[PDB]
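Here is what each chain is made of, one letter per residue.
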Amino acid sequence: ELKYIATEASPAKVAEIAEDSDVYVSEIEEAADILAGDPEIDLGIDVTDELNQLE
Amino acid sequence: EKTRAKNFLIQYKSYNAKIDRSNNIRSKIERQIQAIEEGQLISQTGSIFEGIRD
């Protein structure tokens, strides 16, 4: 049985499946930040001073 | 929070242009209805003057 555990807790496979998860994690989180990319448009198209009179 | 304050002001006047955009589109279509009202009676006037001629 130690052989059968060591077949499938193989450190050759533990390290594979751990590395794969990390790449997908940074792929998804950065794909959330470009999903919030529009602040760069909002801060750009509106620069309106005039309301300092309104202030 | 004068940053956010002027931002509300920015978003505030963001609507006003859009209201004006609507009003002018409304006025433009009212005028173009009238041209079909007036135009449509002119057309029929032309046909009875054609009946007079013949």
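- In its metadata, the entry names cryo-EM as the structure determination method and reports 3.55 Å as the resolution.

- As recorded by the PDB entry, chain B carries the name Vps20/32/60-like protein (ESCRT-III) and is attributed to Candidatus Lokiarchaeia archaeon.
- The record for the entry shows the title "360 A Loki CHMP4-7 rods".

- The PDB entry annotates chain A as Vps20/32/60-like protein (ESCRT-III) originating from Candidatus Lokiarchaeia archaeon.

1. What to know about the side chain of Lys6 of chain B
Point 1. Relative to the helices and strands, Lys6 of chain B is located in helix α1 (residues 2–53).
Point 2. Within the structure, the side chain of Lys6 of chain B is placed 3.5 Å from the backbone oxygen of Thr48 of chain A, a separation counted as a polar contact.

2. Observations concerning the interface of chain A and chain B
Point 1. At the interface, seven residues of chain A touch seven residues of chain B.
Point 2. Summed over both sides, the interface between chain A and chain B buries roughly 620 Å², with carbon and sulfur atoms accounting for 70% of that surface.
Point 3. Here chain A and chain B share one salt bridge between them.
Point 4. In this structure, the salt-bridge partner of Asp49 of chain A is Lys6 of chain B, at a minimum N-O distance of 3.7 Å.

3. What about helix α2 (residues 11–33) of chain A?
Point 1. Spanning 23 residues, α2 of chain A covers 34 Å between terminal C-alpha atoms, matching the ideal 33 Å at 1.5 Å per step.
Point 2. Where burial is concerned, little of α2 of chain A is hidden: zero out of the 23 residues are buried.

4. Considerations on a nonpolar patch on the surface
All names here are of chain A.
Point 1. A cluster of nonpolar side chains, namely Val23, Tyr24 and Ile28, defines an oily patch on the protein surface of about 330 Å² accessible area.
Point 2. Looking at where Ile28 falls in the secondary structure, it is placed in helix α2.
Point 3. Residue classification places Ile28 among the exposed positions, given a relative accessible area of 59%.

5. Observations regarding α1 of chain B
Point 1. The end-to-end C-alpha distance of α1 of chain B, which contains 52 residues, comes to 77 Å, matching closely the 76 Å that a straight helix rising 1.5 Å per residue would cover.
Point 2. Summarising the contacts, the buried residues of α1 of chain B are in contact with α4 (51–54) of chain A.

6. Concerning the side chain of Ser10 of chain A
Point 1. Topologically, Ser10 of chain A is positioned in the loop between α1 (2–8) and α2.
Point 2. A distance of 2.9 Å separates a polar atom in the side chain of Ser10 of chain A from the backbone oxygen of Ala6 of chain A.

Conventions we followed
Residues numbered from 1 in each chain as written, not as in the entry; some residues may be left out. Chains lettered and ligands numbered in written order. Part of a larger assembly, values for the part shown. Heavy atoms only, no water. Helix = DSSP H or I, 4+ residues; strand = E, 2+ residues; numbered from the N terminus. Polar contact = N/O pair within 3.5 Å; in protein donor to acceptor, adjacent residues only side chain to side chain. Contact = heavy atoms within 4.5 Å. Buried area = accessible area lost by both parts, 1.4 Å probe. Salt bridge = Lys/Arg side-chain N within 4 Å of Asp/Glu carboxyl O. Expected span 1.5 Å × (residues − 1). Buried < 20%, exposed > 50% of the residue type's maximum accessible area, 1.4 Å probe, protein only. Patch = residues over 30% accessible without salt bridge, like charges linked within 9 Å, V, L, I, M, F, W, Y side chains within 5 Å. Areas by Shrake-Rupley, 256 points an atom, 1.4 Å probe, with all protein chains shown as cover.

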